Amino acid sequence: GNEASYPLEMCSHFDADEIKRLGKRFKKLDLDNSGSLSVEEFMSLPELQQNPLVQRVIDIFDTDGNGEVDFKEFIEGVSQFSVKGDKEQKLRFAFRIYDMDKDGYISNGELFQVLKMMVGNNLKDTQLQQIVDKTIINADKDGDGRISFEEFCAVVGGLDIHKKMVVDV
């Protein structure tokens, strides 16, 4: 926020200076100076407009589920993407992009909503729905008609996508 209050405890890959640096970033970001951080404030700057995943990232970061990203969450969040970050915490993050209600399972509707978010009008909805159905029919190995982290990682686990989910701090 700028000033005092009692101790923030968190867990991360960051060293004393990386947290300071990130602390200054969170500072500029604070706008209303409330210490927390909301979507309106994230929406604040230039390249957070047609990034269809911005509200998704905010919600995954928002671990306490109160709509705003506080400093602890800001650190914990960016830490998933730090180098020194393990491939597993990165794929878990990925899983969370589709797993909207955070209950551990990507359902048909969520998969459709998250995809529609990025595809927009480049695919007809029947087309998108058809392929969502067929992906779940095939990856659903355990039977409940909804994709778990285990099944997600069975389809995705060998892709090197995570090697690029790395930011410098």
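In this text, residue numbers run from 1 along the sequence as written.
- Comparing 30 to 38 with 130 to 138, the higher mean C-alpha B-factor in the PDB entry belongs to 30 to 38.
- Per the deposited coordinates, the residue with the largest Cα temperature factor out of 118, 111, 57, 43 is 43.
- Looking at the C-alpha B-factors along this chain, the one for residue 9 belongs to the lowest third.
- In the deposited entry, the Cα temperature factor of residue 48 sits in the top third of values across the chain's modelled residues.
- Ranked against the other modelled residues of its chain, the C-alpha B-factor of residue 155 as given in the entry falls in the lowest third.
- For residue 100, the recorded CA temperature factor ranks within the highest third of the chain's modelled residues.
- Split the chain's modelled residues into thirds by C-alpha temperature factor. Residue 68 is in the highest one.
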